[PDB]
Every structure is written in C-alpha cells, then in structure tokens.
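Notes for the one structure printed next.
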Amino acid sequence: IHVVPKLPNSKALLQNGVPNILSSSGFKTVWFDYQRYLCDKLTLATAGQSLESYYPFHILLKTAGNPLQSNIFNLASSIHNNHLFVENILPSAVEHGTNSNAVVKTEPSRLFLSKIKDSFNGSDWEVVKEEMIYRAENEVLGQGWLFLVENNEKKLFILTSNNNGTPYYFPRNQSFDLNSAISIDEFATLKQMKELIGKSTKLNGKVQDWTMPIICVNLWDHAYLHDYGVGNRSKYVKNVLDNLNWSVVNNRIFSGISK
Amino acid sequence: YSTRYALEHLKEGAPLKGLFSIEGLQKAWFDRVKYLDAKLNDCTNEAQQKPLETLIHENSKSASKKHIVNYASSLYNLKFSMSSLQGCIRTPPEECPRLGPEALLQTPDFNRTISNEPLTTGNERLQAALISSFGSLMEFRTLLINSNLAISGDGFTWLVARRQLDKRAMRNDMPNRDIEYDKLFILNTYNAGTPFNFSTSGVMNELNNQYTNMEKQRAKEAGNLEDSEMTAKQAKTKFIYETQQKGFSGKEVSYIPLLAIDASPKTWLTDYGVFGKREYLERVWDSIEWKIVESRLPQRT
Amino acid sequence: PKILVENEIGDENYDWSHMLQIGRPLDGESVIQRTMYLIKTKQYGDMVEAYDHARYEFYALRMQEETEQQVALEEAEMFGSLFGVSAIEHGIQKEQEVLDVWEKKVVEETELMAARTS
Amino acid sequence: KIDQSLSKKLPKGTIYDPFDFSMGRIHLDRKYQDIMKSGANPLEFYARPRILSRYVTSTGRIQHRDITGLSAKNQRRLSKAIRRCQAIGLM
Amino acid sequence: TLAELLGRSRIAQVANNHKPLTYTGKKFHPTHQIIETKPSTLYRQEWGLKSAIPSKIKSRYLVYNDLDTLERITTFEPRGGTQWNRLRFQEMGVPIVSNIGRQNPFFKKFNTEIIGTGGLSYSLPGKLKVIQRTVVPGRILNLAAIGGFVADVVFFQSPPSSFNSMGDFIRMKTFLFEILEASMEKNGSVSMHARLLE
Amino acid sequence: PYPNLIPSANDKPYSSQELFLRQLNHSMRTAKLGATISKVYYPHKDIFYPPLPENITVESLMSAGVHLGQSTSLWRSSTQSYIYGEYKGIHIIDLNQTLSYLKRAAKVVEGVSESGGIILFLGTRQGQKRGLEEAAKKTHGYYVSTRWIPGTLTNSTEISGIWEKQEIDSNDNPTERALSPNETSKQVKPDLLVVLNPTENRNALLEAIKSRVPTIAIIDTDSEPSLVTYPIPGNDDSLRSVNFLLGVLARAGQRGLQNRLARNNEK
C-alpha cells in the first residue's frame, strides 16, 4: 500500500494551516481526503500489479505508453503533481531557535533571478506572476494545475499543465484542449509531436525529455472551487503566486555539481 | 445577463432539494452563471438574443470563438443537465466517509432493483426504448452513473438518440420533420462538449488537409522533389482512407440529447464530501424528472 | 495478471464483507474469500448461492473498471495526449517482425524442393 | 502462391499469436499431432462385421496397443469380437 | 493456522490445471493463469514457484502447471502472454450481444454453460467511444486476425488486386477493419466480422 | 564527486554529461515524496535489513516461501516428522517446527560468533553469490559461492595452504604482525559450517562430520535430516526463502559480533 506523506508540522495545519494560502480547511478537502482518495484509488489500481513496488512517480513515467493504462497514469500524475503542489504551498517553516521561525524566506533565489531573465527575455519574475494568471485563465476550461518547468534548454519556461498532464513527458503534458478547437499552428506542434515521438520511442525510447517541472499550482475544483470560489479561481492563484516557499524551489533547479 | 438561462425550479437561496446545499446550487450554477454569463457578455452581445447554440453551431472551431465556445457549451449543458431533474427525496447528505473500499458497497447496480424509472414516471414507451437501446434500463442505468464516475475533470455524461432518419431532408425542405431517431446512445462532454464523433474529421481533415495541402507548398523551393507522401502516404490515410470514413458513414453525424449528467467537482464536491460522486449520481438517478426526457424524446421508425 | 508473490502475509487482516481490499488487487481469489463471509456470517445460504451473490458483485467492479479504463484515454485522447505505441501497435510490429523470419524461411524450403525434385 | 508445409491457417475462432505466426510453430505442431473407446462391450459386436472393420491394419491384422490404444479389456474384447466375427460368416 | 495460511496462499489462489502446455487443439479461451513478477524478483530470479525460474527466462510473465515434478524441475512455459490478446480486445473496443441478458446484464445454481463474455468484456454494450468504431487494423487470413481475434473480412466489392498486392503475405499484410461485431459461442469462442477497406 | 566535469558554459544547451546529475539531485532530495509505495516486500530486503532471531513468525516464513517443499514424489521418508501435509503434489513443511529449528540455529551462530567463531557459509545454487558474501560481511565470517573444492577441510594443508592467514585481534583488527612459515602453514578449521543447499554439498557435510565441526543447514523434503548438527526445515530451492533464513542467522551472528566487540570496549 502507499502512505499519504505526513506534512511538515501538520500539527498546526490540523487546525492552523499555511499563512495567507489557507488555514486548516483546504488540505482537509485535498491532502487529508482528495490525496488519500486517489492515493488509495491508485493503491487499489496497483493491487496485484508490479506498478506499485515502484513509487507512483516512477509509475507515472512508466505508465506512458499502453495508453490503456492511462486511467491509472492520469491519477498517478495527479498524486505526483499534488505533492509537488503541496511543496510549493508548503509553509515549511524553519526549526531550531525555539522561537517560531521569523519566515526570512529567501524570495526569488539569486539563480532564479537570472533563470527567469533568460526564460522570459529580460523580464521580471513578479511580472510573470500575473502573466502566469493570464496564461492559466486562458489555458484551462475545467481542471488542471500550473507549472513552472525547467528544460534541457535551461529556459526555466512555464507549461500549460491541464487536468492532470505529465509535467515531464512532453507527449502527455495535456496542454492542447482537444475539446476546444485549436488553431492549425497548434496542430503543427501536434503534427511535430506525432512525428517527434513517433521516432523517439521507435528505438524503445520515449522522448527522453528532461522537462523537469518547478512550481505547481493545482487548478482542480478542489484547488479553488472548494474554498476560494468560482470567479476566484484566478484570485486563489493570486495569493498562492504572491508567496511561495523558495527553499524547495531553490532545490528544484540543477544549480550545482555532484559526482 | 437575464435569468433566461434558468428555470424557476432552480431557485436562488434554495438548497437544491438537499441534493445541493443552500449555496450548493450557487456554487454549481447561480454563482457559476455569475462568472459564466459575465464572460458570455464579454465575448459578444448576440448572447442577449441568440441562444448559445447559435454561436456554437455558428462555427465548429472559429479561431476567435475558441474561448467563446467554451463559455457557450458550459451553460448549454448546465441547462440540459439541471433541467431533467426533480430533486431526490433525501436529506442534505453527510461527508461520505473514506469510501472507495467503503464505496463499491451494496451492489454497484447490475441486476438488483431499479429506482426512479421512466416506468415509475409513466414514461412506458421510452422505458422500452431504453431497454431496447441499452440492454435493459438496468443495463442502461448501469452505464450512466459509471460513465460519469469515469470522468477525472469537468465533464458531462449524456444520453442521446443520434437520429439518422435519412440523409437529405433540409434541402428536401422538411421543416416539420421533427428529427426521427433510429437508436439511443450515450456520449460524454468534458471541458467544452460538442455533438461527439470525437469531431473525428469534424476538425480533422479541415486542419489535416490544411497542413498537408501545404506540405507541397511548405516545400517552398520545389516540393521535397520526387519523394512524395511516403511516410505520410499511408499516414495521409489518417483520415483519407479512414477518419474521412470514421466521420461516421458519409457526413451525417448528429446526436439527439435526452438525459445529460455533469461530472464536475463543483456539482458534487459541495455536499457529496470529496468522492461522493457515486452517492451524487445515486441521488441523481433518483432525482431524474423523466417526463422532460420523454418530452425530449423524438418519435422512431 | 495475478500477484501470486505473497507480501508480508502477516499484515493482511481483511474485512471481506466487501469484494475489495486496500493492497490486495481484484481477482477471482477475492470472490472466493468473499463467499466465505456469506457462508460464515451466513448473509446468504449455501455455497452455490453465496458465490453467485458476490459473482454479480465482482462483475460490477469489473464493469465500472472497463468504463474507467476507456475514460482515461478518451478524455486524455481529447486532452493533448500523444501515444508512441498502442495495443494494436505491439500486435502489428511483433507480428510483422515474425513475418521477416517466415518469408526468408520459405525462400529456402519451397525453392530447395524444386532442385530436390526437378 | 505457396506450399502447404509453410503456412499455418489458424481458424478465425482461435487466438493467433506473433510466434503462432511462425515456422517454428508449424514444426512444433507437427511434433505434437470411437464408440468402442467410449465403453460398449466390444464383444457384443461379435457379428456387426462393420464396426470391427475399424481397428484393423486393413490386412486382417489387429493393432498393438500403441495405435488402437483401447482399454486392455476393450481391445481384447474387440480382438475377440474380430476373431469371433471370423467364425460368424461375415468377416 | 498452517492451513489457514495456505488457504489464502497465492499459490492456492491459483487453481490447479494439468492442461497441456502445447494444446495443439484449436484455442479460443486461455488454458492457464499467467504469473506476473515485478522486474525486481526477475533479477533476484524469484517467481514464487517451488523452484527458482532459470535466468535463461527474461520475461516477467510465465505459466506453470507443476510447482515441481519427478524430473526435479518445475513444468512452466515462459510464453504466457494472453495479457496481450485480451488487452487488444479493449484496444478494439467492441461489445458482445451475449444472447439476452435477462435481469443481470450477463444473466446466466452453477453457470457452467453460457459463462458469459468470459472476462473478455465488462463494459456497457452501447457507447460512443461507437463513431463507426475505430477501423482496427487486422491480419487477413485469406477471415482476418484483428488484435489476436480472427474476423471474416467483408467489403462492398471483392478486391482481388488487394490480395494480389500482398500475394502470399496476405496475413503478413495488416489492413484496418471497421469491425462489424463479435459473439461468444457457448463454447467460449468469439466470432467477428471485418471491413476490408479496399 | 565529479572531477571530470566542464559545466557546459552560458548558452551551451544542458551538457548531457551532467544533465544526469540533475536527475540525481532530482532523486536523493525531491525523489518521489508525494506518493510512496509502502507495506511491500522488495528482493532488496532480507539480505540487508533482516528479522532479529526473536522477531520471526510463521507468516513471515510462509511469505518468504520457507514452506513449499519438494514434490510428493521425491520425498526422503526420513522427514514424516517435519512434513505438515501435501498440496498440489508438494509437501508443505510444518513451519511451526521450522521456527523452533530456526530459533535454535540462530542461537548457535550468535554464541559461536561471540567466541571468535570462524563461520563459513556455503551455498552453490545460482544467486547466493551476494546473499552469502553479504552474510559473512556482517558476522566477519567467510563464504563460498562456487562448488566446494572437495578436500577443503580434511585435506586442508594441501588445498588451502597457498592462501595466506591474517592474525586478527578480539576486535578483528589485523595485528599487522609477521606469521612464521610453519605458523601460517597449518589448519584454519571453521567452527560452524552453515550449508544452504545440503542436497548437493554433502562432500562438505560428510567432511565436517569427520572434521568434528558443527554444521547448520536448510533441510528440505528431500535432504536427509541427520548429516547436520542443527537441521532447519525450509525450502532449499527459492532464494528469497534461503535469503530469509540465511538473513536471520546472519543477524543472529551480527548481534553476537556486536556484543563481543562490546566487551572489548569495557577495558
């Protein structure tokens, strides 16, 4: 079986919560119910199936082809996306010093400053904050998430993650709204993708795209409809985008070397 | 922005017959319409007079209507879905517990007693139609809730008749030709729903031949030279020898909406805890105002 | 596919009034362990009747799963999803691969007989 | 056009497999290629020279229990019926 | 209890069956249950059988009849792969009339005869994926094996040139077929019809 | 830990020599904390984190396959006392006894290890090359994975005098002192020869009996429960089983090794 991961100092969250973002409530209809519902739904799908011994994130990637497994895959990605989402929306206050952390949160990290500068052509990250809201509002018709995404092109770009798309596997990002007719130009990208992947896995290799996601903002009903409301979908994104613990984002960029 | 897109049975400040909480319908309809009809006005003014169908049927995929189409389809479906209801006779629900294992309880109905039925609502002929078009209303009842359970985002399960009385009737000038269905089928509409047929070639060849007719011009210098469709020779058949046909027979794909059901968190999350979709649909099937569907039922050959 | 490999059988106390359990996947084995309640608790009567009651219980879970399976794709298919190979694709590639061998093989067999008989 | 010994023709009813579509498979099959056998007193057919005509090498010869493969009793009674039929005019 | 433990053993969850591992007989329904193993166990060379499966086996799916036998070996064929055919039935998306489903969709003390779809289908017969199905490609036998299931090829007009084009490689060639439909004869055999698009 | 690294540069597209290090950081750090598979056995386990002798249970054995026996056609009748019944033509072992047998077995190793014991785990079926090596890794014992050179124990001062001997202290610290020709030229007898596939290693079992050396093995429904000091009913075939049993003995050994390396600290 899998185990919904305990949140840092959920002790507060149980009745308290993430300053500004949410008090208790929220995660009650997300981490402590929604997450479990599908975490179990997967654990129930994984039953009797190798897909389980491995973390669902591994499965998320594994369940790429054989679309007949998408059911499990979509849920799987949601499982993965949500924790990434919680991490972004994680208060993750620092400990020690006894006295409650003075939240000297390192804002856009030094590296992040340059990352966006190149990502959006000499533009400010905070500028992107609302640009992001613009994109999300005009890249979703129902459920989904928001996702800053670093690429092998070190353009730390942002992807139009939808419902529960794969923030990594380009062939399954779920960006084009097949429901909403798309301009022939997006179809050009579709044509490319048909060809691009058609030959990548052609030698047993799903496009090895290191499209690593960075900042996740759930756009599922639970994300906004649960509490903030309907027209507040964007408004909910507002406070979230207003402040994001950077400790995680600081460690979401291949910034240094190792072995 | 007038309550034209509404029926009094859907009342403001009304906990939709328990099914929805006092503000449940606000958060699944009234407050939803707020932003919804707002964007509709932002999109255009024909909304004041022309129904959503107009803008929608105005264009399969307008480069501009893109966003407009979404707002249009949503409210249209809301109407088709909310209208066929009548309020299940149960008190406002509690937080369906850690279901999943707690769910799948009783018997996901498969051959175990049907409840609110066309028969129970004196919709006898349609009751037979449903048996004849879905194994048996039991087998029909089975798929409905399940299909909606399948949804993982904002989507709507639908029941139709896909009338195929005969090709050529509008040019034959048959205004009194109340569409005459041949069978009854189920289809779903997510984010923004369209008849169905995965609009196979509805948008396929139209975007497809687009890039491919260009393929020859795309090679601006000449045309990739002798080497022709090649990897796309059999692939141009993507629709040419296939989806062109997959467009259903010979260009006559049309569906007849009768019973439709939303599968958006907003509709169930409200009172049906975090996963009561099934209980939501349970109350739903037990809240279907059939008469409207029999009223929504065209005659058959 | 069934998970015959038994995991720490110790932590497996399972409430079997329902034909589903966390960890244990869906299988005919679940149906069997289910009929036991209906014959132990005696919710139903004899073994034959008991099993059937759960047999229809199983079918439902399987019926819903079948729709769920298609929904993933259909929906994902209608939501920015590209697929490198499908069930039909393995069904053709591997098959066409095999044809490589057979075609070459008959190149010797049929022909060798012409010389073997001419 | 092609020779028989090289082309399986699984009936549609069956389940064809990628290997199944191979020569190996053909060879494999070859390798692994009766009211009396059912349980009727084979002797009772002491006359009916028609039934006994079956398990016969077509040379007035009965078969070793490598072909007939009938039950010891069934085969011995079948053999006795054949021998008795020789006495009973017909066959 | 020792037995209680065994009564729930995965080994016993799998029923016994001594049906030949070659079964030259025409095959319609599967003969044994495939044993799935996580890649981990495969490297650990563990399969849960009485004896470890030889490294020569590199599949993750095998079928076993005898945990172990006099020959001091386990009788297993690593060619258990029905996982593909049935899944392809889902890849084909077509329902079975299943005679008449009185009350229960499959209807029927013991349902030995007319078992039903036979776990080949658990979906509502009617759905809109039908949109003219999805012309699934099949290998024309002359009959056409579609997704491991032979379906009699039908066409508006007989196209000899199409057969001549593939010559003797008619089965080697795969043509998309708008499956007309399939049915499960009480002997658990699926009979279907193809749509040669030629 | 990457000396051969040329951080691409500025415009250079992510160097595919270090792109991987990003996935490495993407692992040990973020990895997959969102959803984590739990309550699941992994072939990785047992050989590394094994049950302490007292923590064992019938279910743990049944899970690890320490029960399935040989066929009801190859049974050395010499174990109607350790057999629990027949199933699917297999003789299931009375694990209740297996537990008592494993309990005692483990005890011998710990006690032996607490006495400078020279354990030499022996196994030859394929796969044990690691489980065994790692087993002796913990108890500072010795191991043999291939076939047992017939004569190792009895004909020692011939088969095994080429190999060298190290003077170890009570904390197993190489004394780093010279061992005289004759001194290093004699017999290094094992004080507890564990066997993991008795069925086909008798040459060692018989030799040890005639070498006055205690043995500990994993008898099956075929091996003879007599050629060994402490028979442990189990399943010789599958390696998860053997690795479970070996594991238990291994940790029993480790605890003793620990307790022994602790008395030395007192002074």
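In the structure tokens, the first chain shown is A, the next is B, and so on; residue numbers restart at 1 for each chain, and ligands run from 1 in the order shown.
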List as a Markdown table every residue of chain F that is in contact with chain C, defined as an atom at most 7 Å from one of its atoms (using only C-alpha atoms), together with the nearest atom pair and the distance in Å rounded to one decimal, sorted by chain and then rising number.
| residue | atom | partner | partner_atom | distance |
| --- | --- | --- | --- | --- |
| F:40 | CA | C:7 | CA | 6.0 |
| F:41 | CA | C:7 | CA | 5.5 |
| F:59 | CA | C:10 | CA | 5.3 |
| F:60 | CA | C:8 | CA | 6.0 |
| F:63 | CA | C:6 | CA | 5.4 |
- Could you list, as a PyMOL selection string, every residue of chain E that has an atom within 12 Å of an atom of chain D, counting only C-alpha atoms? chain E and resi 20-31+79-86+88-89+138-153+163-164+166-172+182-185+187-194
- Message: I need the residue nearest chain B from this list: C:20, C:54, C:114, C:107. Use only C-alpha atoms for the distance.
- Response: C:20
- Tell me the residues of chain E close to chain F, meaning within 7 Å using only C-alpha atoms, as a ChimeraX atom specification. /E:40-41,44,46,50-52,68-70
Save the residues we just selected, N, CA and C atoms, as a CSV table (one decimal), in the first residue's frame?
chain,number,residue,atom,x,y,z
E,40,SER,N,12.0,-6.5,-10.2
E,40,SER,CA,12.9,-6.8,-9.1
E,40,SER,C,13.1,-8.3,-9.0
E,41,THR,N,12.0,-9.1,-8.7
E,41,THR,CA,12.2,-10.5,-8.5
E,41,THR,C,12.9,-11.2,-9.7
E,44,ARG,N,16.3,-10.9,-9.1
E,44,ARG,CA,16.5,-11.8,-7.9
E,44,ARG,C,16.3,-13.2,-8.4
E,46,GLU,N,13.5,-14.7,-8.7
E,46,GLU,CA,12.4,-15.2,-7.8
E,46,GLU,C,11.1,-15.1,-8.6
E,50,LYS,N,7.8,-23.4,-6.8
E,50,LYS,CA,8.6,-24.3,-5.9
E,50,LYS,C,10.1,-24.1,-6.1
E,51,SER,N,10.5,-24.1,-7.4
E,51,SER,CA,11.9,-23.9,-7.7
E,51,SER,C,12.1,-22.6,-8.5
E,52,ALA,N,13.3,-21.9,-8.3
E,52,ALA,CA,13.6,-20.6,-9.0
E,52,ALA,C,13.5,-20.8,-10.5
E,68,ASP,N,6.6,-28.4,-9.0
E,68,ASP,CA,7.8,-29.2,-9.2
E,68,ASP,C,7.4,-30.7,-9.6
E,69,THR,N,8.3,-31.4,-10.2
E,69,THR,CA,7.9,-32.8,-10.7
E,69,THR,C,9.0,-33.8,-10.5
E,70,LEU,N,8.7,-35.1,-10.8
E,70,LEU,CA,9.7,-36.1,-10.5
E,70,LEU,C,11.0,-35.7,-11.2
Using only C-alpha atoms, tabulate the residues of chain F lying at most 7 Å from any atom of chain A, each with its closest atom pair and that distance in Å to one decimal, by chain and increasing residue number, as a tab-separated table.
residue	atom	partner	partner_atom	distance
F:1	CA	A:259	CA	3.6
F:2	CA	A:259	CA	3.6
F:13	CA	A:153	CA	5.3
F:14	CA	A:152	CA	5.0
F:21	CA	A:258	CA	6.8
F:22	CA	A:254	CA	4.9
F:32	CA	A:57	CA	5.8
F:33	CA	A:5	CA	6.8
F:34	CA	A:83	CA	4.1
F:35	CA	A:56	CA	6.2
F:36	CA	A:55	CA	5.2
F:37	CA	A:2	CA	4.1
F:38	CA	A:2	CA	4.7
F:39	CA	A:1	CA	5.4
F:40	CA	A:53	CA	6.4
Same residues, C-alpha atoms, output as a tab-separated table (two decimals), in the first residue's frame:
chain	number	residue	atom	x	y	z
F	1	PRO	CA	32.26	13.82	-6.54
F	2	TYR	CA	32.53	14.74	-10.27
F	13	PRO	CA	22.47	23.58	-24.10
F	14	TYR	CA	22.37	21.48	-20.85
F	21	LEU	CA	23.37	14.81	-12.23
F	22	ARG	CA	20.22	16.96	-12.31
F	32	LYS	CA	9.00	10.85	-5.06
F	33	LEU	CA	7.86	12.14	-1.62
F	34	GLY	CA	4.34	12.88	-2.99
F	35	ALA	CA	3.28	9.20	-3.13
F	36	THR	CA	5.47	6.43	-1.62
F	37	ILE	CA	4.74	2.66	-2.01
F	38	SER	CA	4.59	1.01	1.47
F	39	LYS	CA	3.79	-2.42	3.03
F	40	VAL	CA	5.51	-4.07	0.01
- Pairwise distance for atom CA of residue B:62 and atom CA of residue B:159, rounded to one decimal in Å: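 Interatomic distance, atom CA of residue B:62 to atom CA of residue B:159: 26.6 Å.
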- Query: Skipping near chain neighbours, those fewer than 6 positions away, what residues fall within 12 Å of residue B:234 using only C-alpha atoms, listed as a list in words?
  - Reply: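 Listing them by chain and then by number gives residues 228, 240, 241 and 242 of chain B; 175 and 176 of chain E.
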